[PDB]
Amino acid sequence: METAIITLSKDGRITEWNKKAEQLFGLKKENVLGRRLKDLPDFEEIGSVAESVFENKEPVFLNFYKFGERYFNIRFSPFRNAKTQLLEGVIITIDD
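As presented, residues are numbered from 1 along each chain according to the written sequence, a scheme that may differ from that of the entry, and residues lacking coordinates are left out. To get the side-chain values, take all heavy atoms of the structure and skip hydrogens and water.

The record names X-ray crystallography as the way this model was obtained, at a resolution of 1.470 Å.

Per the PDB entry, the protein goes by Sensor protein and derives from Thermotoga maritima.

This is the structure we're talking about:
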């Protein structure tokens with residue numbers, strides 16, 4: 001698969017969780033939206049890397065991140081709000 005997207009706010013809260021993420025992880029968007037990613041068993045490490053990426057204001061690409069039975073590419077991208085210019089969170093994109 002490709003393009004499982006989890007977007008986190010600057011407080012670590014899930015603000016986006018697309019249908020690919022639903023299919024990959026078996027959790028519905030409505031069941032995770034608003035929650036801290038790091039509170040989800042199995043996502044603690046990904047949540048920690050996103051925190052580090054946010055603090056350093058630089059994107060990070062990881063390959064061969066093992067999750068379940070497969071290896072994945074994971075990109076972490078900090079972003080700003082265009083209107084306020086504030087750092088507003090991190091987009092996480094997971095691909096086979």
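With that out of the way, let us pick up the environment of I74. Only DSSP runs of H or I with at least four residues qualify as helices, and only runs of E with at least two residues qualify as strands; both kinds are numbered from the N terminus onward. Looking at the secondary structure, you find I74 in strand β4 (residues 70–80). Overall, the relative accessible area of 1% leaves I74 in the buried class. Along the backbone, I74 and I94 are 20 residues apart, and their C-alpha atoms lie at a distance of 4.6 Å. Whether two residues are in contact is decided by their heavy atoms, any of which lying within 4.5 Å being enough. Ignoring any residue separated from it by four or fewer positions in sequence, one finds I74 in contact with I46, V60, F61, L62, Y65, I92, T93 and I94. Burial here depends on accessible area, computed with a 1.4 Å probe over protein chains only, as a share of the maximum for the residue type. Under 20% is buried, over 50% is exposed, and the range in between is partly exposed.

For this analysis, a salt bridge means a side-chain nitrogen from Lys or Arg found within 4 Å of a carboxyl oxygen belonging to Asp or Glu. What the rule picks out here adds up to 5 salt bridges. With its nearest N and O atoms 2.8 Å apart, the salt bridge here joins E22 to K19. Residue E22 and its partner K19 are both found in helix α1 (residues 19–25); the two are separated by 3 residues, about one turn of the helix. Judged by relative accessible area, which is 13%, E22 ranks as buried. Between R36 and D39 there is a salt bridge, with its nearest N and O atoms 3.6 Å apart. Judged by its relative accessible area of 24%, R36 falls in the partly exposed class. Taking the relative accessible area as the measure of exposure, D39 reaches 53% and is therefore exposed.

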